[PDB]
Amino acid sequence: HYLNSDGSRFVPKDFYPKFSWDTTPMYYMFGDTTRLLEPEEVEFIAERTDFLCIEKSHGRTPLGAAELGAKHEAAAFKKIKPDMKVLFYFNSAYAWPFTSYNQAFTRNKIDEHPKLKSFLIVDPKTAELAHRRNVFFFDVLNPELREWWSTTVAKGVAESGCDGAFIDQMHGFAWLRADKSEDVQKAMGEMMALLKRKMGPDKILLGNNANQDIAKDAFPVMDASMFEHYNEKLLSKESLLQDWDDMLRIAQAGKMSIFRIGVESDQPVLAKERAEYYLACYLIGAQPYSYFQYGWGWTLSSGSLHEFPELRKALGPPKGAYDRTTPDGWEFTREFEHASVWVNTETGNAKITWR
């Protein structure tokens, strides 16, 4: 039985990806608008992970629709690794026009789909559709959007043969309706609860940045949550310690966490250089069925196809929880079966002593 860092046992659900402390537990996420993966690339990634997600635009150009990119790679990976878990990606907030499901959410087609247009946040200072570079915003407060969006993701998961969904964005643009923020948080939870049911019984629900308080209504139905570390405030010593508390809490709920590092928030040289530091940041808080993601972005070219040697080194089960070297300091150590981790999250230095 895998052991959380408090000594409690972690009991996974039947449909969770495989987990092991043999080496660093890995999660990969990638996509390429311009091409599908070569077989060699599928083998490279399949050898290093049991758990991955295909990105928002993958294979859109060669195949016309991003969900066919997901469909193609899910089947390629499962031919190699039948037990592999592949998530379909869908944004809960931005109506990225990359899938066929979202093909109407463009400036020059949305008016021709009034029902879908009514699902979108209107900018009050324009009475016009709010947008970010003409990409429209789903309105989680709109119950029909919650029904349609959740059915749509479930449709994307089924059409792609993916093992679940990576849901991006939990905020429901609360800052655009700050008076309704609490309602937005509750609506997010309802939309996730719908999707979780509509997906059927053996499907993984991963929510991006779902450790955050704004996702507390979303969190319970989630199987997994990702720590995106999308900027440098999230890599502060305070945030890293909060990550570690969150990771324990997630594991005690029997859920999965993805500790993702993009070194763009600190390039292949810099990443391989910094890999010892950011791995150690993960290993301090690592829990059963938590996974490390590493690179410098979310494209196929963003790290998934590089060798960071530390990730492939023998790790072994933790010998215990981490130790805060001094009760108010920012040095942290943790012992694993085959490695000794040391990290100072104030100065940003680390040493993993592989044994």
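Numbering starts at 1 and follows the sequence shown.
K.L.:
Which class describes the count of deposited residues lacking coordinates between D266 and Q267: none, 1 to 3, 4 to 9, or 10 or more?
P.N.:
10 or more residues lack coordinates between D266 and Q267.
K.L.:
Taking the mean of the C-alpha B-factors per stretch from the entry, tell me the winner out of 114-122 and 85-93.
P.N.:
Comparing averages over the C-alpha atoms only gives 114-122.
K.L.:
Give the stretch, out of 96-104 and 267-275, with the larger mean C-alpha temperature factor in the deposited entry.
P.N.:
Here the higher of the two C-alpha B-factor means belongs to 267-275.
K.L.:
Looking at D223, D139, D245, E238, which has the highest Cα B-factor in the entry?
P.N.:
Highest C-alpha B-factor among the listed options: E238.
K.L.:
Which is it among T34, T49, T326, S290: the one with the largest CA B-factor in the entry?
P.N.:
Highest C-alpha B-factor among the listed options: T326.
K.L.:
Grab the CA temperature factor for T345 from the record and place it in the lowest, middle or highest third of its chain.
P.N.:
Highest third of the chain for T345's C-alpha B-factor.
K.L.:
Among the chain's modelled residues, which third holds the C-alpha B-factor of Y322?
P.N.:
According to the entry, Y322 has a C-alpha B-factor in the chain's middle third.
K.L.:
Can you work out whether the C-alpha temperature factor of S302 puts it in the lowest, middle or highest third of the chain?
P.N.:
Its C-alpha B-factor belongs to the highest third of this chain's values.
K.L.:
Sorting the chain's modelled residues by C-alpha B-factor, tell me whether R249 ends up in the lowest, middle or highest third.
P.N.:
For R249, whose C-alpha B-factor we compare with every modelled residue in the chain, the answer is the middle third.
K.L.:
Ranking every modelled residue in this chain by its Cα temperature factor as given in the entry, which third contains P62?
P.N.:
Top third by C-alpha B-factor.
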